[PDB]
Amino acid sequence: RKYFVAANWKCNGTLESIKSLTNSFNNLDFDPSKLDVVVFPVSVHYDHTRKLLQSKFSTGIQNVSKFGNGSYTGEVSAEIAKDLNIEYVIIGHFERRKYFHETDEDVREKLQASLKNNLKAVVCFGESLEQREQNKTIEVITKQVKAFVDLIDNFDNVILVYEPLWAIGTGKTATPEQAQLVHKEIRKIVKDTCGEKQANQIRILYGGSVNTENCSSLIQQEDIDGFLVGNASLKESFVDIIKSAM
């Protein structure tokens, strides 16, 4: 399984800043045929980033519409993402599940639009603090996954990401092994709703806080196939994280 290393710049950046960060990322010489590296900039920051990052790097956008083209002010569609050659899309990131009310229903509609236009989706999920304290993890992750897992046609064009929300700001932090458990559990869920084969080929990323100190300790985990890094990806040392996957 090809390790997956994604950079989620979220809503951050300035022309000059990306210039620096990208020029930095370029220095690391990696073989994309062995490893996948994806940086997701800000909608309006896309064309800037793409023309700065050497092709070895892959790029997507942090979001896609649930509708096709038409009267949907403020929305970018998979239709457009395609004609613009954007290769990946993040869907269901908890930050949009929270501040914007996106739902499983929406994530399904979004996953479907993307695959129909040949986009590659990086779909996210993960139980909450309260949900975990109710020993309802496996349960939630199943309801979540089973909400779109049926739409995947080619298990190399859809990337799963686990977001341990139960830690998102509480001093807490999933141990490289605690994450590992949920992971292997996600995959099982995949096995029994798609087939032993499928699950052994779909990549499942970690979503918790990632960085230089734990990256290698994480990727090394049995069922963690890389990660969707947040703030650590806005610093030039991010190259160190990519390495841990080389």
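Residue numbers here begin at 1 and follow the sequence given.
K.L.:
Mean CA temperature factor from the deposited coordinates, higher in 119-127 or in 170-178?
P.N.:
So the stretch with the higher mean C-alpha B-factor is 170-178.
K.L.:
Read off the CA B-factors in the entry, average them over 91-99 and over 138-146, and name the higher stretch.
P.N.:
Comparing 91-99 with 138-146, the higher average CA B-factor belongs to 138-146.
K.L.:
Out of 55, 201, 63, 33, which residue has the highest Cα temperature factor in the PDB record?
P.N.:
Comparing C-alpha B-factors across 55, 201, 63, 33, the maximum falls on 201.
K.L.:
Highest Cα temperature factor in the entry, among the options 186, 205, 44, 28: which one is it?
P.N.:
If I rank 186, 205, 44, 28 by C-alpha B-factor, first place goes to 186.
K.L.:
When the modelled residues of the chain are sorted by Cα temperature factor, does residue 75 land in the lowest, middle or highest third?
P.N.:
For residue 75, whose C-alpha B-factor we compare with every modelled residue in the chain, the answer is the lowest third.
K.L.:
Considering every modelled residue of the chain and its Cα B-factor in the PDB entry, is residue 69 in the lowest, middle or highest third?
P.N.:
Its C-alpha B-factor, which the entry lists for residue 69, ranks in the middle third among residues of this chain.
K.L.:
Considering only modelled residues of the same chain, in which third does the CA B-factor of residue 228 rank: lowest, middle or highest?
P.N.:
Middle third by C-alpha B-factor.
K.L.:
Using the temperature factors of the C-alpha atoms in this entry, rank residue 104 within its chain: lowest, middle or highest third.
P.N.:
Within its chain, residue 104 is a middle-third residue by C-alpha B-factor, going by the deposited values.
K.L.:
State the tercile, meaning the lowest, middle or highest third, of residue 59 with respect to the CA B-factors recorded for its chain.
P.N.:
Highest third.
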